[PDB]
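**Student:** Have a look at this one.
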Amino acid sequence: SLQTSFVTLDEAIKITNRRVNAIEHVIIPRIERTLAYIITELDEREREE
Amino acid sequence: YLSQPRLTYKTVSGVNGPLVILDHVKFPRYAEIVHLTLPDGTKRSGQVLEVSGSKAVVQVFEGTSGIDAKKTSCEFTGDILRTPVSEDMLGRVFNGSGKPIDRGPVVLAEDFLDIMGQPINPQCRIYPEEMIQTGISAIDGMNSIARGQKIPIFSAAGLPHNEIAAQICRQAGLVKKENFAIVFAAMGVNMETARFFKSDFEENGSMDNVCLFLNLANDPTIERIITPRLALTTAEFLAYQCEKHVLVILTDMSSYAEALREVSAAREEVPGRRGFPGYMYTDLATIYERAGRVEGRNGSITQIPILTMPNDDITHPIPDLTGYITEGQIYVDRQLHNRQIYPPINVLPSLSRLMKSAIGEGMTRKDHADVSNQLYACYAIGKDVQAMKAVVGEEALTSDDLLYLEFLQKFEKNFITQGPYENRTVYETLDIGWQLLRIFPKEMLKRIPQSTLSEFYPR
Amino acid sequence: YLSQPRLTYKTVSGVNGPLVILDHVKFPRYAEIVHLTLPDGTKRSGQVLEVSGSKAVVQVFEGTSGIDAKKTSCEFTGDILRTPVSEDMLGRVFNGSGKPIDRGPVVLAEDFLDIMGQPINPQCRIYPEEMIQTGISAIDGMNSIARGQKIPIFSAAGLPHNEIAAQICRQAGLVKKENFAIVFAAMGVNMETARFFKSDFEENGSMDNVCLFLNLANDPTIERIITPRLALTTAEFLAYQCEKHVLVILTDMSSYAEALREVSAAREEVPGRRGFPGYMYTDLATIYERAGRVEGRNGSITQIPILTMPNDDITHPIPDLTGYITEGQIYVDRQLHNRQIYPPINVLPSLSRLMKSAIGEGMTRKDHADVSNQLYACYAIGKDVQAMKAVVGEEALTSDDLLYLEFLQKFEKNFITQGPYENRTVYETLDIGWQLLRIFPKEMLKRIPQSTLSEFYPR
Amino acid sequence: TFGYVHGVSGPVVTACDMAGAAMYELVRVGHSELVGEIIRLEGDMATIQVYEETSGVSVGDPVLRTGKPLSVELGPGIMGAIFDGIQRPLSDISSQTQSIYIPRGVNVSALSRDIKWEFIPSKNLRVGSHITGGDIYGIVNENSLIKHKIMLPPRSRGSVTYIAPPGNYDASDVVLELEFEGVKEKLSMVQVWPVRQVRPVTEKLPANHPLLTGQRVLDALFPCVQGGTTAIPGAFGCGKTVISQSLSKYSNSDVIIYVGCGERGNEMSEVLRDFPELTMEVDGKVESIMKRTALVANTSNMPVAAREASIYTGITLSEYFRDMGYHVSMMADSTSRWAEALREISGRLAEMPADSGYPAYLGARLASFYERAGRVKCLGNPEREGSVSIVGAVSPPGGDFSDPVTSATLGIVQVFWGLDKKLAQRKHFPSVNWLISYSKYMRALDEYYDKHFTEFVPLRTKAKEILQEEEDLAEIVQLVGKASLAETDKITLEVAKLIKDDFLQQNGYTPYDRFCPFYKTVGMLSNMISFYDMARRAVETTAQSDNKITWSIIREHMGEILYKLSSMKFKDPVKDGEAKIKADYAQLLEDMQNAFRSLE
Amino acid sequence: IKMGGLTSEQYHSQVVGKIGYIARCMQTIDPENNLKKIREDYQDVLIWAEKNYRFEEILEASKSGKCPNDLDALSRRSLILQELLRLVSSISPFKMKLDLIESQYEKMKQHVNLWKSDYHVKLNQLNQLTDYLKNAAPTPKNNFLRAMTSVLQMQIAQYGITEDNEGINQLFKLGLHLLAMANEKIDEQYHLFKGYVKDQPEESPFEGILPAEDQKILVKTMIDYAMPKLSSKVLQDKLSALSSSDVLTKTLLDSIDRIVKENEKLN
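Protein chains in written order, with PDB author numbering: chain H, 150 to 198; chain E, 39 to 215, 225 to 506; chain F, 39 to 215, 225 to 506; chain B, 17 to 616; chain R, 8 to 274.
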């Protein structure tokens, strides 16, 4: 029973760590770059006005 | 009638872009029409944009290139732009200024109508409740058009908005429980687009009932300021006086808005968003609001503008202010076009504000409203499920989420997708909608009353 | 004293928006107050916005509607706006410009003070030190306000920041282990909220301390500009001359910023960041920095500006510059508000920089700082444990996690949740804090020195 | 006397020889006498915003200098009248011209002077009696519903030197005549009042009575009051679809004034077609809604100056009928189109804009409009209390919440029924987003509720708490998973689904849900919250016990109870009377209690 | 300085307007000066009306403070008289006694907020019924409402309105229910009218409340309603014989029910 739970937990931990790494290395940087670009472009609109 | 001789001024005081400012003008008339004879005899026409004492800021339609002070002769017609209109304008091709370009004679006026139009009393404007069976299930099924409505086609560069407009033109017709006369106003359309539309009308045999106003890309860009009004004026003459059910297509309101911005920047007016004139809303409204039916008349003017959204941005001032005026919008999507779907109509952002009163029992069928509502709801939920899948993966999707994805796939494959020459009657569109809704169990069709689920679902 | 007669001019050269441009003025004074009579006898006030040569551009408090050249007269008072200040204006309701609206008499001046005031000398200001108790546990026990601090309240539209302001006005006072006064300034406050403030202060019996300035939303906006200056001139008179600890509550500084924007546009200045004046930082500093203790005077001026964070964006210029100028923040949370907690003051993002100067032996009590620190730590841990429980499940939680959840619930139900008319002395707030800390055993209160736990933990 | 046109630029004329002209005064520009309003003075030249198309207006054209500002004719004939943005009667124009076009410079009287009105003076008045502004000196039987009380104009006063006897009089006949300081002023039944001036009242009282819309979500979660100031999105599916006509058909209000500031052509046609055909039950008779409704129709292609003055005309008519002692519910179809008109006119005037191009005085104008609402002890001696409840529709670009018009609105209005784009896409109507929408009249309405619906306030509190808990739990259910939820969390989620789908979801096209009486709303919410409390009691009490109860057990046991709670929304007040509905809901509560007693 | 939001000129005009309106109300509810206590309580404002002045004279006196010029106090004092006059007028044919009038006035003046008083709501309901019946045309709904409102006015004059008499509450509720009921619910209108005449303690409620012609018309209305679906001409003749009754009565309705049951057996 312990070893079965051990294998299942190992797989689940790997999947969840992959999810967290994917978020914090792909999704969050993407949104941060989008926000920086949006702020810059709104600054440009204000400059043109 | 105006019997007094016109006054010709060689007093041009300045030229600035499309504007020609004259001085020493005897009682300038705002919006008056002027005829500029250039030194070499080239005759152009313009409209007095503003007057200040003895000055007059004419705006030349053909452009100011070649105009010089001391020699250009501006003859003031003494009247606003009154275009000639006749019933035989159907089956004719004119440039943006209304002159023939089909090698026919000049229009023998049945009447002279102000291009600005005559405002119609709202008390006697009939509410359009007759559906137009365009044959496009993405429009008939979910964004139905009522005869007399203003409903643009929002698209971008490279999308098939011209093809959709041609399909609507050649398939538009009432729902079977009077053929449309098409008035076309091309503004800034390349030669390919104008040739496409003209060939489409000739091939489909409708040219006898089509009046084309062509202002190609090479043509002057201040001329397209009057090109739509001209067209609409003719439409009005055909609709409210000749009793013809007119369908007005305006190819690129984006190019018309660019012409407006050009004139505004030349005038150094206080700009609006993105440099467009602060009064773009009113100028666009004076064009869009000329659709609809009226009491006592039998004709109508269905209006289908076409917009090229810059950067696919539906918040751009042109599409934004067009949404504020027109009753809905048909929205051509770049993603669907890239995925080779036709028509690439995205039914989530598009709507028809006169669909509710045009569909239903007696008009089309009992289930039309509910079927459309449930299709829209399922499509939105499927799009959200797709967005979630792109992040978390399909193995984490429940059975209902897989059902939503299957509905989305079959909806874009069977309902939206459609042959360019295939006109699906509203009933066939609704049958396809039901075949797609049957993917879900009745317990998941929350937006369809049970009285209709028990009648249409089990089949 | 000004003995010379006032000059009245009928030489109105123009009218433009809110401005009456008079000409042939004898040595126009900038910012002069000028009373103008309309053709029909209606009297209005105005302020000389700009001066040039012999001209004078008078921004009229009311509108320019009905004003005309050749008949409108304009008497130049010969002096800038000076307000009459006394101690008798404590317990009075004035409008934005100082005219009483409680059916009482006009202020019998003890002095005539220029509203713009002068900047308090940095070398004469003293560190605020002791505490001003607002009766609200969420800020008495966790964000206490020192005598001389400037600590704004941040909220969005619809949150009960005005109700919290009224509660603070009704309950504010000294710790008390008749030298206290409150100067309430309301700007751009709709009629309903102005009536709420007035009737609340009158009914609850605290009016003897409160001087109330009400600038309704539909009252002139230049009156909105001069309202906070009237309020702070009165506060300076009461604090630095009458030597009483004044608390100035300036409601909806966002409305004041809007009025500042309107006046800037009237001056024809180009918009600054996010549409607001470039000098808004200096103007907000001019308002806020009229506060603090001073050398050799026993009075003070605490400030609690209240802001409606537009779009709940802490980066907006008004909240941003207010945080740059002030010394703390009290956050009114939409989540707590929706959960029906009053006051919905979030204590995690809120802060009071000078809390340490406002607590301790002889000011509030020995254990104030330790109790506050432990309450904050346990609240943060409770939120964290709620997030964890949401993932692991209630069973998987340990005993300490259950204790932290219990403390979180009882803290939001007993400490934060107060009720509008529940006035808690800071000692009562600390007693409640200790009741909540006695959920945990002495060992988990790691942020409270044993010297304090041995004294206050028991019982 | 009269100036001359010096220049023309769109709607902005500039007329010379206007030495003595007053700001915002009315003038007639051109040989067709187009209405215009002086917006700026420069020496002896006046800039004029024209209220009609200026095409063809030539320099040197006469400019007649009328001495009055933009004002409306208030008197018999408003009810059932369809007006242009500047009081021009569209129906009378159509009848007089016999054509479908609005002639340029048409000068038909706003109120017909040929209709004989049944006028009955206040019997207690007499020759020599003292009267003041707002005194009801006669009543005109305008129609079966509205008794048009003829009030002395504000800022008028004196001794009645003649009061006409009861009879039939034109709108032009001299009906009263009073002397003050020796000067004799003769008053007919129609009074001219500037649209931009607030009509005086004795005292603006607090609003303390709900203004019942037909929607449960709006009536319960985010109440409105008589004399309230509400902002509502103009999104499709909601708004003009149900709420406006639902307020029209039945509500606490006694008059409806509906102004189409920037309405689309065919949507304005829809309004003008539907409204004259709606009916309501009054004193056991079905009567047309036009008998107590007036419409100020202004299409988007009409002149921008008219679009700017449309809101003011509407609110002035609403104020006039408020002074009568009525409760006038006003609907501004779009304050966003009004703000667009202000922006365009500001640009034409070459003023410096605020953020996003709007004039920096947009907030001031919105305040001047909205704050004219409220409940008031009307002027005049005969004591009465009226109210004007403004509901301003906003429609920002792409649902922007930072739109300057919306931002200026939120600082003024006390109610805001925000829009959930997700609910609209899902077709959840009304699409009110209950997380940012707010109503500041709950505190004022506590007095009304604790006397008429004593039990409603805790129900609303618990409903809001449950909805917020569901909002907090859904993030976690979708981010991580549904397996870790406690039983109480499951109760919260499923009760939130119940409330959202069958108490906050109201289809306004059905015979049973077109208008939901507040007794129905409070009874339904009482049943749902009673179920919530009792189910939570069960799951919590049986926790830490052998016979544990879980949400699954409850759902499986009493699927009938859940179905009945779901069908509670189907009760039809028209045929299922109030007593019947209350008895049915009490029976549902009894069944719930019995089934939980069996479970326990 | 603005007072109550009005320019001081408008405030001082409103003061004299209120004084004149109070004088008019007093002249209306008591032209004979019977209500001496009320006259004394309002004497300070009626001095300017009993003695003849000009509008500008009273305005100047108010501006100088000689007149009572607290517009809020004047508004309250005028609202009391207006409510009393509303009570007197709504029952104009059924005038009440002096002592009752003065007691009603005293309870008014004692009330904290007369506008929101239950007294005001009851007067609003009575005025609603009376306004409905001012131009009403003959029909069973309108006839029943007229009779019921006449008896309601009688009871109001007898017991005033400050006393929440159960009979008056029943009359209010039934009259409002009949008013709100649709004109096509004839059976329900007759049901409510007969239920009222049943539940009135008096056996013949309308003996002196209504003119003889209307009493006979009500009896005729009930007889006509009973006429259809009668199995025998003899029973119709018996209905005609019952028609000889001068006014409606509980026993008359019981006789109608007896004939109805006879027809139930016979039909």
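For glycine and all other residues, C-beta sits at the position ideal for the given N, C-alpha and C.
Buried or exposed: where does residue 2/B fall if 16 or more other Cβ atoms within 10 Å of its Cβ makes it buried?
**Tutor:** Limits of chain B in this structure are 17 at one end and 616 at the other, which puts residue 2/B out of reach.
**Student:** Mark residue 86/E as exposed unless 16 or more other C-beta atoms lie within 10 angstroms of its C-beta, in which case mark it buried.
**Tutor:** The residue is buried, with at least 16 neighbouring Cβ atoms inside 10 Å.
**Student:** Taking just the CA atoms, how far does residue 107/B sit from residue 8/R?
**Tutor:** Each residue's alpha carbon lies about 45 angstroms from the other.
**Student:** Ignoring anything shorter than 3 residues, give me the beta strand (DSSP E) runs that lie fully in the segment 209-281 of chain B, in order along the chain.
**Tutor:** Listed in chain order, the complete beta strand (DSSP E) runs (minimum 3 residues) inside the segment 209-281 of chain B are 217-221, 245-249, 271-279.
**Student:** Nearest-angstrom Cα distance between residue 413/B and residue 195/H?
**Tutor:** Taking the straight line from one Cα to the other gives about 18 angstroms.
**Student:** Sorted by chain position, which residues of the same chain lie with C-beta nearer than 6 angstroms to residue 97/R's C-beta, five sequence neighbours on each side aside?
**Tutor:** The residues are 133, 134, 137.
**Student:** Tell me which residues share the same chain as residue 292/E and place their Cβ nearer than 8 angstroms to its Cβ, disregarding the 5 neighbours each side in the sequence.
**Tutor:** Excluding sequence neighbours, residue 292/E sits near 185, 225, 226, 227, 228, 286, 346, 347, 349.
**Student:** Residue 117/F: which of 428/F, 434/F, 69/F, 214/F sits nearest, CA to CA?
**Tutor:** Of the candidates 428/F, 434/F, 69/F, 214/F, the one whose C-alpha sits nearest the C-alpha of residue 117/F is 69/F.
**Student:** Quick check: the Cα distance between residue 126/F and residue 76/F, rounded to an integer number of angstroms?
**Tutor:** Spanning the two alpha carbons is a distance of roughly 34 angstroms.
**Student:** What are the start and end residues of each continuous alpha helix (DSSP H) run of 4 or more residues lying completely inside the segment 473-505 of chain E, in chain order?
**Tutor:** Complete alpha helix (DSSP H) runs here, min 4: 473-484, 497-503.
**Student:** Since residue 356/F contacts residue 124/F with CB under 8 angstroms, what's their CB separation in whole angstroms?
**Tutor:** At roughly 36 angstroms, the Cβ-Cβ gap does not stay under 8 angstroms, so residue 356/F and residue 124/F are not in contact.
**Student:** Within 10 Å of its beta-carbon, does residue 141/R have 16 or more other beta-carbons around it, so buried, or fewer, so exposed?
**Tutor:** It counts as exposed.
**Student:** Closest by CA to residue 168/F, which one among 411/F, 274/F, 138/F?
**Tutor:** Answer by Cα proximity: 411/F.
**Student:** Whole beta strand (DSSP E) runs in the segment 404-487 of chain E with 3 or more residues, listed along the chain?
**Tutor:** Those beta strand (DSSP E) runs which fall completely within the segment 404-487 of chain E and span 3+ residues do not exist here.
**Student:** In the DSSP assignment, what are the bridge partners of residue 296/F?
**Tutor:** Beta-bridge pairing links residue 296/F to 231/F.
**Student:** Quick one: grab the DSSP three-state call for residue 131/R.
**Tutor:** Three-state result, residue 131/R: helix.
**Student:** Beta-carbon separation of residue 232/B and residue 537/B under 7 angstroms?
**Tutor:** Yes, the pair counts as a contact, with Cβ atoms nearer than the cut-off.
**Student:** Leaving out five residues on either side along the sequence, give the residues of the same chain with a beta carbon under 8 angstroms from the beta carbon of residue 259/R.
**Tutor:** Cβ within range, chain order: 226, 229, 249, 252.
**Student:** Taking only beta-carbon positions, decide if residue 137/F is within less than 7 angstroms of chain R.
**Tutor:** By this cut-off, residue 137/F is an interface position.
**Student:** Taking Cβ-Cβ distances below 8 angstroms as the criterion, which residues of the segment 140-160 of chain F are in contact with chain R?
**Tutor:** Of all residues in the segment 140-160 of chain F, 141, 144 have a Cβ within less than 8 angstroms of some Cβ in chain R.
**Student:** Which residues in the same chain have their Cβ closer than 8 angstroms to the Cβ of residue 124/B, if we skip the five residues on either side of it in sequence?
**Tutor:** Only 104, 105, 108, 109, 112 meet the Cβ criterion.
**Student:** Would you kindly report the start and end of the unbroken alpha helix (DSSP H) that includes residue 477/B?
**Tutor:** 472-495 is the span of the alpha helix (DSSP H), which, as asked, contains residue 477/B.
**Student:** Quick one, which of 54/E, 163/E, 174/E has its alpha-carbon nearest residue 469/E's?
**Tutor:** Among 54/E, 163/E, 174/E, the Cα nearest to that of residue 469/E belongs to 174/E.
**Student:** Between residue 387/E and the ligand SAM, is there a pair consisting of the residue's CB and a ligand heavy atom that are separated by less than 6 angstroms?
**Tutor:** Looking for the ligand SAM in the displayed structure turns up nothing, as the structure carries no ligands at all.
**Student:** Where does residue 152/F sit, in a helix, a strand or coil, going by DSSP?
**Tutor:** Reduced to three states, the DSSP call for residue 152/F is strand.
**Student:** With C-beta atoms as the reference, is residue 407/B less than 7 angstroms away from residue 422/B?
**Tutor:** For residue 407/B and residue 422/B, no; Cβs fall outside 7 angstroms.
**Student:** Quick one: does residue 387/B have its CB under 7 angstroms from some CB of chain F?
**Tutor:** Chain F, which has a Cβ nearer than 7 angstroms to the Cβ of residue 387/B, makes this yes.
**Student:** Using a beta-carbon distance below 7 angstroms, is residue 401/E in contact with chain B?
**Tutor:** At least one chain B Cβ lies under 7 angstroms of residue 401/E.
**Student:** Which residues in the same chain as residue 417/E place their Cβ atom closer than 6 angstroms to its Cβ, once the five residues preceding and following it in sequence are excluded?
**Tutor:** Correct list, in chain order: 495, 499.
**Student:** Measure the alpha-carbon distance for residue 464/F versus residue 392/F and round it to whole angstroms.
**Tutor:** Approximately 9 angstroms, taken between the alpha carbons.
**Student:** Is there at least one Cβ from chain B nearer than 7 angstroms to residue 85/F's Cβ?
**Tutor:** Chain B contact via Cβ: absent.
**Student:** Could you please tell me which residues of the segment 350-374 of chain F, in chain order, have their CB closer than 7 angstroms to any CB of chain B?
**Tutor:** The residues in question are 355, 357, 358.
**Student:** Using Cβ-Cβ distances below 7 angstroms, what residues of the segment 512-541 of chain B are close to chain E?
**Tutor:** The residues in question: there are none.
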